[PDB]
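Structure first, commentary second.
Protein chains: 6
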Amino acid sequence: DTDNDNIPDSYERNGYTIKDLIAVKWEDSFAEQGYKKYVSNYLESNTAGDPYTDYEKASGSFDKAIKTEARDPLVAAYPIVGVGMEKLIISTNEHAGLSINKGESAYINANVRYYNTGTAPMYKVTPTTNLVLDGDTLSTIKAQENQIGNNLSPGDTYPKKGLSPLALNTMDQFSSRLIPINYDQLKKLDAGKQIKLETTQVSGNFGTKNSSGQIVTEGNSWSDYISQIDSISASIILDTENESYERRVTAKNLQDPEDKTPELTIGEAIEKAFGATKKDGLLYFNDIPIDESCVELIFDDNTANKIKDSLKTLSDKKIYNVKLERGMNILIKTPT
Amino acid sequence: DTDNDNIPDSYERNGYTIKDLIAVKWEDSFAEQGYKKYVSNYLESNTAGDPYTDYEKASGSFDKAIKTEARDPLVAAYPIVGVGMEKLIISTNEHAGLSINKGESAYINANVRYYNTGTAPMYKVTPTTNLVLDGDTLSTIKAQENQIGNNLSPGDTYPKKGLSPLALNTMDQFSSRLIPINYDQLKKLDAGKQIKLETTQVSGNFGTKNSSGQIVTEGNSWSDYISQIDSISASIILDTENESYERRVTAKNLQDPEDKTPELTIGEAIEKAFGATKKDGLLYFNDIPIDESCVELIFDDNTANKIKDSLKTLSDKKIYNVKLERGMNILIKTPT
Amino acid sequence: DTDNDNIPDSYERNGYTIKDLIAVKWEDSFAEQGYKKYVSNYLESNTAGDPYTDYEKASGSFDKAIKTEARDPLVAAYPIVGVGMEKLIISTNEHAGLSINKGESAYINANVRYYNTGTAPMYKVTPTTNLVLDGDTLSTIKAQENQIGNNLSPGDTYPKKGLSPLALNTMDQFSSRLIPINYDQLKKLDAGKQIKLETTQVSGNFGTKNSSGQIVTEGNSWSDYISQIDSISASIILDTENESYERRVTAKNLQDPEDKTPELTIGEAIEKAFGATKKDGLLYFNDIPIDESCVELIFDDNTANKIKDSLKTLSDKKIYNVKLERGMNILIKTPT
Amino acid sequence: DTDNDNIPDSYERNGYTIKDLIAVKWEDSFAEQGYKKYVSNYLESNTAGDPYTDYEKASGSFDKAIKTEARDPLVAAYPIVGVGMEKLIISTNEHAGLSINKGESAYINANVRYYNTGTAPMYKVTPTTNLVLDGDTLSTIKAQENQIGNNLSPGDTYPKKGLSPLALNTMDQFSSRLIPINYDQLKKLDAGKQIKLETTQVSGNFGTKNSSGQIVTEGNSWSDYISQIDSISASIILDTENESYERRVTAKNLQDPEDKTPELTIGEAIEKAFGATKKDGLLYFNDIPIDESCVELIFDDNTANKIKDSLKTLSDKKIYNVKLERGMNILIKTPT
Amino acid sequence: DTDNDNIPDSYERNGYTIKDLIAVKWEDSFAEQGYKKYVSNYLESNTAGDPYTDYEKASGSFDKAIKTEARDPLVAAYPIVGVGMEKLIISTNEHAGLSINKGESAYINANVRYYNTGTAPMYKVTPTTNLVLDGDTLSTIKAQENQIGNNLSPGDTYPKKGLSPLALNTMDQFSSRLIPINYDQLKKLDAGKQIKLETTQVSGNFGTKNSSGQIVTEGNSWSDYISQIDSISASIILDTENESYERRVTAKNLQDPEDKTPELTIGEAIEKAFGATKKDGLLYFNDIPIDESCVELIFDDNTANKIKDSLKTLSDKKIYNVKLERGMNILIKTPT
Amino acid sequence: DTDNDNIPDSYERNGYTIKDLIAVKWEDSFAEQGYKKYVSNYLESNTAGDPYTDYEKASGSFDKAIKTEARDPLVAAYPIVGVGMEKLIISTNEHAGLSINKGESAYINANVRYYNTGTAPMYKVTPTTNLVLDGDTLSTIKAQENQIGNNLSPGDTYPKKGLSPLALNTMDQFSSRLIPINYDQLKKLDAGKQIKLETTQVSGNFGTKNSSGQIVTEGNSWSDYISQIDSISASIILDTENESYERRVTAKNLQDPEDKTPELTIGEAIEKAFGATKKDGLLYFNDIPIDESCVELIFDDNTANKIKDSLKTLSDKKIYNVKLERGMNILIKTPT
Ligand SMILES: [Ca+2]
Ligand SMILES: [Ca+2]
Ligand SMILES: [Ca+2]
Ligand SMILES: [Ca+2]
Ligand SMILES: [Ca+2]
Ligand SMILES: [Ca+2]
Ligand SMILES: [Ca+2]
Ligand SMILES: [Ca+2]
Ligand SMILES: [Ca+2]
Ligand SMILES: [Ca+2]
Ligand SMILES: [Ca+2]
Ligand SMILES: [Ca+2]
């Protein structure tokens, strides 16, 4: 036990299961009772880089809002949130003779909705959105106390279904100083074009247990864990044309000989990340099969190049048999 | 005693009662003295996810404002509060020749009343209400120091009966910067329509004991416990046409084999949650029977589908004999 | 000694007296020296819910401003404060041609006086008062640093006799942003009606001893103890047509078999709460008798219903012999 | 072990390798498995001046976003960030007769993008940029809460590729007080010239491990480590005409006899800093050779003078065989 | 070892050297290897008054930005910083008929550059500069967050070479309230004269080691160490017509018999402070000799009087053989 | 050793000297080596009331900016600072038709210089100055962050010689809200009179040693030590027509029999406070004799009355032989 996470090294290498809050060896008969087999590394406290260790992830005492796909030590608990924008309303600043003040000529108010995907929940969201109009960033606004939405659960929005979206109209750190806009930009957008909004960063905390049996949120942050997770993991995004899922799977650096991380191919990583039931050698998700022939796979330039290099020296010419290295981005689009 | 909550595992599995602040086994003769039988899990400190453990809930030393229905370890102590709005008054901003300034053309002041349902009290309420007019969110306001109402007890309002409702007219973090509204929206609402208000989130603390014998409120929060409770519990709401009650009951995930949570049907969950006296095999609440034939039951699409699947393989065709799984939403409307 | 408040259980059940800072048994000869007999429960540190325990209350080391009626462990130390309003003065905002600005058309300044009743003193009062005019809450103002009055003793006002009342004219968290009022409301109140003011909540601290021999105020609060006291106690208010007294007496829940609280009738609760000398079987207060025949008793609907149910099965038909349960509200008006 | 960094002095002098989190001696057969040989000093906890020690750097437990070139104890982990500016937009402040207010005659809004080079990431960037126009510093602005960009990873920008740049338009500590500009400067820049922007300083924190197994960011700073690193290290910057790299390598002061730092020439420092594979005695980077003949080397006056003094007494007349002393600045431009 | 700085008293009196982080006696053969001989006092932890002790100064573990001349325990580590001002630009506040508002009639913006001399660096500079015009202090401004420059290294400026100077235009604690100026002063300075700026005080922290192996800056200050150093030390300033150097050397009070400080003449103090190589009995600095005949020496009235008293009773009539007492100010100007 | 300040009671009563940081008995031969004899009390930690004890004062480890006259335990270390005012400049607030706004009709800016006398330095001065004009206090201003001058050494000013005085023009807690003045006061002072300024109180900290070997300033204050020192000490002020000195000497209350303080006459107190060399039985200061015949002595009414009572029963009719009691104020003016 070099890593000191109450898991033996042989257990962490050859497979283990958590039963009655203790680790036991893996046998083939354990799969009939609903158990799972986990493989991790014996030189690190947390394999995936998330703030929970291997034993906390495998036992399932991190939280009760984190999905069961993040119980695997090789799958990182990481929320990916975004902002959906609509209904930009313009307030005229003319004084009634008339008085067309320039510089501060109108005001803009937007309706936003925060959406979360992934596994973990964000307990205090604070997105930073910038407004783009005709290739010109008008402003960059970080959410104030009126726009901070606590306990954004995974899979649902902060303004829930059946509720009107949030309003964003202020710029100051406190709720004052409404967003101004030039007269030239006002006359430009009144003719033909619209204003788009995009997110840049989101800051949020996570819940951790205390020594008194309670959980605590304030003091933690996700901003110091994004840089660690994104550099050692590959990103797989699946679209079912009605919902979307984004997952990060840990990979092994082949050049480093001190990285005793288990090696996963594309198919095993997909099965352990998204959550699927294997039947007749075919992944099936809930009902929709996600094999290579049935669905469409979208890569990047580097991912396609790496797959092309790793496909020339394979006995079996399948995409899912290619070794998964860090930095890959995979998109899986199911047929309609 | 794996969970370390001074309750033995056999006691926690086969039923137990708290007498003289110690746990004892359950016998059939204990029901004649007014005692209750509790079943919990032996692998978790708190079964329902509320910040009080099984022993604290069963003994009854959490607080003296929490209802006796939350003494059961399977019933979570969770307040559900809301905002009732009335009497939106409009202040004209015309200067008297006239001067109709646009952008900031009028002001709105609303009267609000905070209502609490459930079991636990919220010790420092801070609701976040947004105003909707013609499908357009005008503003989203979080309550300031003048609108924060401490010690909102369960079953009653923060402005008590015989008192005028609270006033909401400010937008800034401090008490300044009255709510503006466009001239177009002013002329729109002056003709035919009205302004609605809805709640989005409420943040509040809870009282916990200290090592000095006193209780402490500041430092705790409810926002980190909503996401844990709502993902592992089912929600039952009962209407008596004059008051409403909302309760959350813990359920068991069948796929997870490490969840040693007791299994409850619909009838047992209703009886242990709302509080009822069983007579001739019929639940009776206070006086009004709440059996399946007498009252009306309202489900959702997923709840009705799950009940339809679980009803085809039952020897007795009754709704209350269906196993209760997580995610169900049940509404019970009594006849008038 | 289960409760661990250095009081034995038999002493706490059969009666005890504190002499030389230690507890001794009660004899009939102790009443001739001016001693009192106390009964409490042996399963709780503090019976009445106030932040002082049974031994602290019985010995008399809580404070020296708390009344001797709160020395009894069954009587809670709880201040009830209120605001008396007068002399609303209106400031015109017309600019002299004239200029009648709407929205912010005048200002209001009120004179307030904080009054305290009960036993304990409030060490830092901060009342929250709302102004009602023609059934319309104009504003809700929480007292700022200029309106916070420390060490409000029981039985007297914060602006003492011979001093002009406090002034309330600001709305902002700091001393700025004077209270505005519409032109319509100004012309409405200038004709026939007046503006009333009511209190909604008051936040205040209490003094507790430290380990260094000093007392400390900042850090404590009364807002977390109102919800506990008001749910387990009955309220008795006595009027002598010149002063008023409000007291809370602890009661026993009959359905709960783990509540080992002593049972008190109406007469014993009145005698132990308000403070009276028994002579010829008649309570006498200071000089004015407060028996059922001499004075007038006012109940509520629930209190009268409970008394009617509990009066049909009594051998002696007297009001003071009825068992006192929680939730009762009693008013005692002495004849003039 | 004088320095107390669990590394023996003979190990730290003659070469060592970290295997299974313990230090072992270096043999020639270890290079075939992918291992590296490290040399450090035995009188200091951290040789390069970065906040991580020799054992933390050599083992590789500092962070997972730091590049593998900073695993060497002689290479300092140090981010170098900068600001790229574009799209200065001017807002007129004329009131429409006209009204040309002087002093505050227009406003300027800039679009900025933060770029990071080096090894370590900056976890909370706060650049300080000043605007120069016609040799006149108009203003110096430090980034506010809307312009602070957390977790700026090495090798990429804070507004990532495919996103519009950040907006800078405020001057006050809070988001208010837009940037003013004189009428003379407005008429000066409207004719022929443009406004440039430059960075002056950047403040940022770094992530360090805690005793609870988590990492912490707030409390640390980079501003107290720049002065230590820059005085004892030489700077080498390499340009590949599409990306740039900047590295700092520790050097030895020859006059100080208590500096037991290993001596490195130019070639060894380049190979250990930038990261290169030696083949046939030639450095090759990724594919592009970076030998003295193939690429162009740019020095300063002091660097060229020191190389000229150290080149007259060399048996082999090569640039890479010159001893590297502190204060040198080297630029390596690859051919196109 | 009375002073408890792990240095023996005989070692501290007769000379010592730090080798392998331990103190050893001084021999004449140690000068051939590059070692130095130090003399200090045995009754004080730090002889010079700087926040580093004798052992920390002699070993060289204080910091790596402090010059090697401050390694001597008799030379205090003390930065002397100043502000160089240029390019005062005037902003007219006339409104265009015209409108010449008095009191606030124009604005002034200055360009400043912070320069550091001495040994230690200032880690957070905050200079306090006042503006003088025609013998009238217009304003006194302390630098805000936009004008605070961290890690000002010794020997170089905060806006480095090749960068435009810092801008100073605000007066408020936050970045607001631009500097006003009277119309009389505006018309006075527009005719013939200019505005000068001078520094009054500078506040800055210093870096010290922690128990966790890191260094910490916030919490320390230089303002409590200026008064101690300046009262017990003499100041020597040397000018080479292109750079300037300022040093403080500790002196001994002759009247106090409990001051066991070593006695230094002018020549030994100059050699140990500025740093010089002795050759043929002549100081030589880098190359320029700084003997009494070659260069010009400038004193004050008190310094010249003390030298005149101490020169009448000397066997050898040289300036450098005069005993150096506290309070002396010496200027050394090299020939051009 | 009752007082526990590592000084024996017989040593503290019969005289003692601090040599090699330990206390030794006094002999007549110790005066030839430059030593001093100290007498203190054995029932108090600090005799004079200053925050340094008897051993700290006698040894000389308090600070290095405190004068040697405060090394005596009977002389309190106490700075007396003041403000010298000049150059009140008036800014007109007329708008140019004209516009003479009343209430806020002009502005005043003063030039101030802080001077320190006594022994100890004030490390963060914050004087509170009020402006008097025609017997009317215009305003009372406490110094803000721009006017706070750290490390005010004894004997010199905060704006040193050769520097322009500080500017005072603001009134708000932050640097805003310039000082207004009425039109009536403006026309009153423009004719014949001037505005005077006086100090009322000054708040400042002092430096004390820490357990880590450093000194700390923030957290201490002088405001809690003025009331203790001024009630038990007599004040002697000496004028040499070019500088002034103010000292406080501890006295003994004759009525209290528990005050074991040594008794001092006027001459011994003057010699031990101001610092003088006794020659031929005559005090001589530096060169100017300060005997009763040569210089002029100025008392108050109470001081002259006490001297008249204590002079009738003296064998030798000299002023310096009168016992010095607390509350006396003595002024010593040397001839010109
Ligand atoms: Ca392990
Ligand atoms: Ca592990
Ligand atoms: Ca248990
Ligand atoms: Ca349990
Ligand atoms: Ca007890
Ligand atoms: Ca008790
Ligand atoms: Ca070592
Ligand atoms: Ca080392
Ligand atoms: Ca020593
Ligand atoms: Ca020493
Ligand atoms: Ca003593
Ligand atoms: Ca003493």
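In order, the protein sequence lines correspond to chains A, G, F, B, C and D. All the letters of the first sequence, read from the start, carry residue numbers 220 to 315, 378 to 617 under the entry's author numbering. All the letters of the second sequence, read from the start, carry residue numbers 220 to 315, 378 to 617 under the entry's author numbering. All the letters of the third sequence, read from the start, carry residue numbers 220 to 315, 378 to 617 under the entry's author numbering. All the letters of the fourth sequence, read from the start, carry residue numbers 220 to 315, 378 to 617 under the entry's author numbering. All the letters of the fifth sequence, read from the start, carry residue numbers 220 to 315, 378 to 617 under the entry's author numbering. All the letters of the sixth sequence, read from the start, carry residue numbers 220 to 315, 378 to 617 under the entry's author numbering. Cβ coordinates follow ideal geometry from the N, Cα and C atoms, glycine included.
Cβ-based neighbour list, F580(D), same chain, cut-off 6 Å, excluding 5 preceding and 5 following: Here residue 580(D) refers to the residue found at position 299 when the sixth sequence is read from its first residue. Within the same chain, no residue comes within 6 Å of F580(D) by CB-CB distance, once the 5 residues on both sides are set aside.
Neighbouring residues, chain F, relative to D239(G) (Cβ below 8 Å): On the second sequence, position 20 is the one that residue 239(G) refers to. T221, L262, listed in chain order.
Expected contact under 8 Å - CB spacing of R529(G) and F555(G) to nearest Å: The residue you call residue 529(G) lines up with position 248 of the second sequence. The residue you call residue 555(G) lines up with position 274 of the second sequence. Actually they are not in contact, since the Cβ atoms of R529(G) and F555(G) sit about 12 Å apart, beyond 8 Å.
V497(A) at chain G interface by Cβ criterion, 9 Å: For the purposes of this step, residue 497(A) is identified with residue 216 of the first sequence, where counting begins at 1. True, the Cβ-Cβ gap to chain G drops below 9 Å.
First and last residue of the uninterrupted beta strand (DSSP E) at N534(F): Numbered from its first residue, the third sequence carries residue 534(F) at position 253. Note, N534(F): premise wrong, no beta strand (DSSP E); not H, not E.
Continuous alpha helix (DSSP H) assignments of at least 4 residues falling wholly in the stretch 407 to 475 of chain F: Fully enclosed alpha helix (DSSP H) runs of 4 or longer: 464 to 472.
Below-9 Å beta-carbon distance, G473(B) vs any chain A residue: Taking the fourth sequence and counting its residues from 1, one reaches residue 473(B) at position 192. Judged by the 9 Å Cβ criterion, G473(B) is not in contact with chain A.
Enclosing alpha helix (DSSP H) for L592(D) [first to last residue]: Looking up residue 592(D) in the sixth sequence gives position 311. 582 to 592 is the extent of the alpha helix (DSSP H) around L592(D).
Presumed contact (8 Å Cβ cut-off) between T266(G) and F249(G), rounded CB distance: For the purposes of this step, residue 266(G) is taken as the residue at position 47 of the second sequence. For the purposes of this step, residue 249(G) is taken as the residue at position 30 of the second sequence. About 21 Å separates the two Cβ atoms, so there is no contact after all.
Any non-hydrogen atom of ligand 4 closer than 8 Å to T489(A) Cβ: Taking the first residue of the first sequence as position 1, residue 489(A) is located at position 208. False, no ligand heavy atom lies under 8 Å from that Cβ.
Straight-line Cα distance separating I613(A) from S512(A): In the first sequence, residue 512(A) corresponds to position 231, counting from 1. In the first sequence, residue 613(A) corresponds to position 332, counting from 1. The straight-line gap separating the alpha-carbon atoms of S512(A) and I613(A) is approximately 21 Å.
DSSP state of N225(F) mapped onto helix, strand, coil: For this step, residue 225(F) is matched to residue 6 along the third sequence. If DSSP states are grouped into helix, strand and coil, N225(F) belongs with coil.
Limits of the alpha helix (DSSP H) - the one that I513(B) falls within: The residue given as residue 513(B) occupies position 232 in the fourth sequence. Note, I513(B): alpha helix (DSSP H), 507 to 513.
Pair within 9 Å by beta-carbon distance, residue 366(C) and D224(C): Shown without residue 366(C), the model has chain C running from 315 straight on to 378.
Near ligand 10: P298(D) beta-carbon under 8 Å from a heavy atom: Indexing the sixth sequence from 1 puts residue 298(D) at position 79. Remark: the C-beta of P298(D) is outside contact range of ligand 10, defined as less than 8 Å to any heavy atom.
Short CB-CB distance (under 9 Å) between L612(F) and chain G: The residue you call residue 612(F) lines up with position 331 of the third sequence. Residue contact check for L612(F) against chain G: no CB pair falls below 9 Å.
Closer than 9 Å at the beta carbon, the chain B residues around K283(C): To locate residue 283(C), count along the fifth sequence from 1; it is residue 64. What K283(C) touches in chain B: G268, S508, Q509, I510, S512, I513.
Assigned secondary structure, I308(G) (DSSP; H/G/I helix, E/B strand, else coil): Translated into positions along the second sequence, residue 308(G) becomes position 89. Three-state DSSP puts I308(G) in a strand.
Near-chain F residues of the stretch 574 to 594 of chain G (beta-carbon distance less than 8 Å), N- to C-terminal order: Hits within the stretch: zero.
Chain A contact for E539(G) (CB, 9 Å cutoff): To locate residue 539(G), count along the second sequence from 1; it is residue 258. Nearest CB-CB separation between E539(G) and chain A: below the 9 Å threshold.
Neighbour list for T481(C) in chain D, Cβ cutoff strictly below 7 Å: In the fifth sequence, the residue the question calls residue 481(C) occupies position 200. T481(C) reaches chain D at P440, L444, counting residues in chain order whose Cβ is nearer than 7 Å.
Contacts that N463(G) makes with chain A (C-beta to C-beta distance below 7 Å): The count along the second sequence starts at 1 and reaches residue 463(G) at position 182. One finds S310 in chain A with Cβ atoms closer than 7 Å to the Cβ of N463(G), taken in chain order.
CB contact below 9 Å: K383(B) versus chain C: Position 102 of the fourth sequence, counted from the start, is the residue given in the question as residue 383(B). With 9 Å as the cut-off, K383(B) counts as an interface residue toward chain C.
Proximity test, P402(D) beta-carbon vs ligand 5 heavy atom, cut-off 8 Å: Position 121 of the sixth sequence, counted from the start, is the residue given in the question as residue 402(D). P402(D): no, Cβ never under 8 Å from ligand 5.
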